[PDB]
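Residue-level structural notes
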Amino acid sequence: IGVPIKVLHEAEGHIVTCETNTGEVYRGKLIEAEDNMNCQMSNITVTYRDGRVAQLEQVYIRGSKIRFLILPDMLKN
Amino acid sequence: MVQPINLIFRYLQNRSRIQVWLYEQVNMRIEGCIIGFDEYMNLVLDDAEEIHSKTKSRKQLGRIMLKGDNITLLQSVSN
Amino acid sequence: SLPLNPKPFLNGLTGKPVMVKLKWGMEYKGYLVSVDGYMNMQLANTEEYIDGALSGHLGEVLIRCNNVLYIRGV
Amino acid sequence: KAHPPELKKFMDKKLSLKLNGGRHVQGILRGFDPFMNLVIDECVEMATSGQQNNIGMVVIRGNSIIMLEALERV
Amino acid sequence: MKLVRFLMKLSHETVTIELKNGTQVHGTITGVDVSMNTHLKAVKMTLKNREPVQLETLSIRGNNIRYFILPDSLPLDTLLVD
Amino acid sequence: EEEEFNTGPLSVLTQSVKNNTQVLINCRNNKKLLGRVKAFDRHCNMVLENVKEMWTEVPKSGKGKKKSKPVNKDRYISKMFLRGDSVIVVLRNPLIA
Amino acid sequence: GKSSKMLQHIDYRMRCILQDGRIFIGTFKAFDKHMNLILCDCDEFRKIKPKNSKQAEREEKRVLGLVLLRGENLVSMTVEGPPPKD
C-alpha cells in the first residue's frame, strides 16, 4: 500500500481538486478514491484548459489520465 | 452484465464488419471482419481496410493483426 | 471461418513476405524471420516505407511491441 | 489485487465517456471488465463539428479512457 | 542480462544523461536503483533552450531516463559480471 | 530465457554483442546510433561503446520569420547506455564490418 | 539495500520539475514505489524557477496545500532546503 493511495482514500468525505493530463481540473467531494487512481466525485465543478467551467452531478476520471491532486493538508498534521 | 470481452468474442464469432478507432489518432481508423482475438487485445482482422476520415480514402491490406495498445474504441458497422 | 488468434496468425505468417507498420507512420516490408511473445519481431531483407513510398532496404531489423502498430500479409 | 473499475453504480445508466484524441461518446454502461474494457449500449459519438452519429453498443478500452460523467441520478 | 545491477554498481562515477525531453545533465551518480532511477549530487544540468544550472541534489526516475553516457575509462567489461 | 532470446528477434541483436558486429538503433527522438552493443537486457536496454550518434536539426526560426533548413549532425561516444523504452527499432546488417 | 536516498529528502522542502514543465516546490512528506510524491505547502510555478531573479522571483505561482504529484508524469526533482519545525 502506497502513501499516496492512502492519502487519496483518507481524503474522501472532504472537498479536493484533481487536474488531469489535459488540463481539466475537477473540484468537488471525493466520493470514491480507488487504489488505481480512479477518482469519482459527485456534483464536481470541472474547468477545462480553455477556461470554461461546468458542473457535473457525477463525474468519474480514470487513474491513467491523472496529472495532480490537491486535497486538504489539515489531516496530514 | 455484458462485458467487453464477451461482446468482442460475439462480434468475432458473428463475422460482422466492425470498425476500430486508433488510440491517439482519430483521423484514421481500421475496419474489417475480425476472425479471432488474443489475450493482449491483438485481433486477426480478415479483409482489413484503413479508412482516413480527413481525406476520405480507403486502403485495404488483407489479413492484418491489430495490437491491443493501438486500438482505443471498437464499434459495429453495417458494411 | 475458423477462429484465428493473433499468436497463430503471427506463427503462420513467419517466413513469408509481410509488412509491419508502426504508429509513427513508417512500415517495414519483408520476410518475417522470427517473432516474440512481447510483440517483438525480427525480419530479414526488410525495406522501409514511409507514406507509401519505399526509402531503402536495411536487411535484418528488430521491431519492438511498443513501436509496432500492426502487421499484415504482403 | 486486480480489482475492476467502479462501474456498478454507473452500470445501466446513460452517461458520457471521453476517449483519447478528443473523442466523446454517450451511452448506457452494460458492463465492464478488469482491464477497463466497458460495454456502451446505444452509443452515440459526438463529432467535433456538432453532429452525433449513433454506432450502437461498442467496447471501450481502459487505456484511452479520459473520464466518465453520469448523465442520470446514481 | 540484468543491467540494473550494472547501473546501480556505478555509484560515485561522473557521467552524463540525456533524457527524452532533450535536456542534458552531467554529474557524479551517487545512487542507482533497479528501476533505473539515478540520484546524484552537485550536477550541472542544461535543458533544451535553457542555461546550465548546478544542483546539489537531482533524482531522475527510470521512466524519464532516455540515455546515459558513462566515462570511457570505466571498467564496463569487469562490471558486467555478476 | 536464453533460448527464446537467442532464437527470437533478440538473437538478431545476439550476433551484435556475441560477434561484435555493427548495428543501427533508431529511437523516437529522431536519433540513430550506429555501433556494437556490449551488453543487452530483456527489456531492450542496451549498453555499447564507440557508437556514432547522428541526427538532423533545423534553425528553429533563426532568420526571424520561421525560416530554417535541415542540417545533419553527428558525434561519437566511447561508452553509452540506451534504455529500452526510448528505443524504437534496431537493425543488424553488414555495416560495422 | 539501504534505501536512504528517498528518506534523506523526506520532510524537507524540495522543488521538483514534472514532465509537463511545471515546478512544484513543497515539503516532500510522502513517497512511494511508483514515484508518487506528496507536497505539503506545495506551490506550483510554470513560468520559471525563481533563483536570484532581479525582475521577479514568483511568476504564475499557485498555492495548493496538500499536492499529490503523480509518478507517471515525474521527470526530475531538486532539493531546496530543510523543513520547518511546525
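Reading the values: the criteria
Residues carry numbers counted from 1 along their chain as the sequence is written. These may differ from the entry numbering, and residues without coordinates are not shown. Lettering of chains starts at A and numbering of ligands starts at 1, both following the order in which they are written. A larger assembly contains the chains shown, and all values are computed for the shown part only. With hydrogens and water excluded, all non-hydrogen atoms of the structure serve as input to the side-chain values. Residues with missing side-chain atoms are left out of burial classes, side-chain pairs and their counts. Secondary structure elements follow DSSP: runs of H or I no shorter than four residues count as helices, runs of E no shorter than two count as strands, and numbering proceeds from the N terminus. In this setup the radius of gyration rests on C-alpha atoms only. A globule is expected at 2.2 Å times the number of residues raised to 0.38. Two residues form a contact once any of their heavy atoms are found within 4.5 Å. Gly is put with the polar residues, along with every residue not named as nonpolar or charged; the nonpolar set is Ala, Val, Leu, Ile, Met, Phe, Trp, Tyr, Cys and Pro, and the charged set is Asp, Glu, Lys and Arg. Pairing between strands is defined by DSSP: at least two bridges between them are needed. UniProt positions are given in the numbering used here, feature names are shortened, and annotations may be inferred rather than shown by experiment.

Per the PDB record, the structure was determined using cryo-EM to 9.6 Å resolution.

1. Regarding the overall build of chain F
A count of helical and extended segments in chain F gives 2 helices and 8 strands. Put simply, chain F runs from its N terminus to its C terminus through helices and strands in the order α-α-β-β-β-β-β-β-β-β. On C-alpha atoms alone, chain F measures out to a radius of gyration of 16 Å, which is more than a quarter above the 13 Å that the 2.2 N^0.38 rule sets for 97 residues. With the principal axes as the frame, chain F shows a C-alpha extent of 55 × 25 × 20 Å.

2. Quick word on the overall build of chain B
Along its length, chain B carries 1 helix and 5 strands. Mapped from its N terminus to its C terminus, chain B presents α and β elements in the order α-β-β-β-β-β. Over its C-alpha trace chain B gives a radius of gyration of 12 Å, about what one expects of a compact globule, namely 12 Å for 79 residues. Principal-axis analysis of the C-alpha atoms places the extent of chain B at approximately 40 × 25 × 20 Å. Once local pairs closer than 6 in sequence are excluded, the contacts in chain B between residues at least 24 apart make up 37%.

3. Considering the arrangement of the chains
Comparison of the 7 pairs of chains in contact shows the highest number of contacts for chains B and C. The two units chain F and chain G never meet; even their closest C-alpha atoms stay 14 Å apart.

4. With respect to the interface of chain C and chain B
By a widely used convention, the size of an interface equals the accessible area lost when the partners come together. Taken together, the contacts link 10 residues of chain C with 10 residues of chain B. Considering each element in turn, the side of chain C that touches chain B owes the most residues, 5 residues, to strand β5 (residues 68–73) of chain C. Its residues assigned to classes, the side of chain C that touches chain B shows 7 nonpolar, 2 polar and 1 charged. Taken together, the 3 bridges between strand β4 (residues 57–66) of chain B and β5 of chain C define a ladder with antiparallel strand orientation. Following the sheet pairing, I64 of chain B is matched in β5 of chain C by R72 of chain C.

5. Considerations on the pairing of strand β3 (residues 38–46) of chain D
All names here are of chain D. As paired elements, strand β2 (residues 23–32) and β3 share 7 bridges and run antiparallel to each other. Its bridge partner lying in β3, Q26 is registered against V44. Connecting the antiparallel pair β2 and β3 is a turn made up of 5 residues, with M36 showing a positive phi of about 80°. Two elements, β3 and strand β4 (residues 52–60), share 7 bridges in a ladder whose sense is antiparallel. Following the sheet pairing, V44 is matched in β4 by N54.

6. With respect to the UniProt feature "domain: Sm" in chain B
UniProt feature "domain: Sm": in the numbering of this structure it lies at residues 5–79 of chain B. Across residues 5–79 of chain B, helical content stands at 13% and strand content at 60%; the span's end C-alpha atoms are separated by 22 Å.

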